[PDB]
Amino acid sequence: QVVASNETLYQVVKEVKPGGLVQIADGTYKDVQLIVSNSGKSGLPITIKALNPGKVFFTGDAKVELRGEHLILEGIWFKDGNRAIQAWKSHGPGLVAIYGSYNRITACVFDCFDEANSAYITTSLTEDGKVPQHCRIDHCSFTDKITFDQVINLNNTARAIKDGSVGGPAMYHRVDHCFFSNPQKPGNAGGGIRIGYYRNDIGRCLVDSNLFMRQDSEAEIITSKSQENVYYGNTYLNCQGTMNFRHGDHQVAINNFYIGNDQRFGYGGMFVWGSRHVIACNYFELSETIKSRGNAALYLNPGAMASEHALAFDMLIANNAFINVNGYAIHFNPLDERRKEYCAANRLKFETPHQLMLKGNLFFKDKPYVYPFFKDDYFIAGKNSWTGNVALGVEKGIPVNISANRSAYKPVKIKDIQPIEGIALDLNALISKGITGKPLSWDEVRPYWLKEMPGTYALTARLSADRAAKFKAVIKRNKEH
């Protein structure tokens, strides 16, 4: 039914049946506490949507909880929030918290919501430990986030100091066609998306066709902290951060675009911990790279095998292109001094990346940047395997013989790569095709009803005066008195 107030919305959601449709009349729903406990059924979802998307605002001291299964939340604009700062935390539920499985949030806008620390959307465990699975977040816009924590956390365990061999279960979520552009916070402030917590967690989430444009929240654009997540066809445009395989082996990134096209800041880029990954058909063209990480497109972590800073080794790096990177194409030992400190403290064995299979990559420069393609301060003959690469335009920086024949450059065919269970992509086929398509634009990901890009930061790299003032107040209250 059509509802036009908070109270009527609360009532209709208590009664709605599988296949039901709740439409919210034009207006502002201030301090709205939408808790949806009922469930739809497979093929009979319950849809809660604006009657006219773009005309419904959830504001004030608001929250949404999707606790039932088979629910769809659509066409809501979250702005002008005022949740209690003492009542919300990073690593807690999001503004929208999804506790049930088979739920979808689509074509919603989150724009500088408030000053309370939390994600904008989470999947969250219930108190009895049940893990939501098979959820989708798509065609949503996340802009000008001025609070701590990620924009989205996808959770399969409760936060703990941890380290017990039993990880969280596979989630099988999808995040697609979303737009992220958010200002830099201080420190380890929470990024774009976190998936899982530690290396025994299984993710099996698909993150595809998103546009991260000045996603600058903190060092990590995405902190992927579970196994077997697949990142396909995302665009990272002028982002002050890197997309990271932070914990969890056997993750996949194929045909993403990492573009930096001005000199305003250092941009990234991928930072990779762990082993057994597939990193293929990605395109890196970065006009400036990140000083603090080591100035590179692709960073391969040194350290102790399978530790808290897991050594990057034994993986496939295939058919990628590094075009006019103002930095190393590949840095084989970033942050090595900090990592030796970690390994010494914990009495762990420090190692450097090896057993890498570098196949069919193009390394090309014709602009006067000063960096050789590679940095490997621990180079050992034979430790990695290079086949079918092409390198031309600057010295390699390591003693490896690579063809310089660009005309003869072709991506390699690959046929031995196992797909990820639950994700309907043919990894061999996609890798063997080489790099397809081009960077995504706002029109390709935007909510169907929204023509104008929201936010103040994406086009300008600066918050508007009023939002800047709120951001300063958040940062101040979160640091030492």
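Position 1 is the first residue in the sequence shown; the rest follow in order.
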| property | result |
| --- | --- |
| Which of 236 to 244 and 122 to 130 has higher mean CA B factor, as the PDB entry lists it | 122 to 130 |
| Selected stretch [higher average CA B-factor]: 343 to 351 or 312 to 320 | 343 to 351 |
| Out of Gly60, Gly27, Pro45, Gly437, residue topping the C-alpha B-factor column of the entry | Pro45 |
| Top Cα B factor in the deposited entry, candidates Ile259, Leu335, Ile398, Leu206 | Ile398 |
| Third of the chain, ranked by Cα B-factor, where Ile76 sits | lowest |
| Ranked C-alpha temperature factor of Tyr409 among modelled chain residues, by third | highest |
| Third assignment of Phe113 from its chain's C-alpha B-factors | lowest |
| CA B-factor placement of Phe363, once the chain's modelled residues are sorted into thirds | middle |
| Ranked against its chain, the third holding the CA B-factor of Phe148 | lowest |
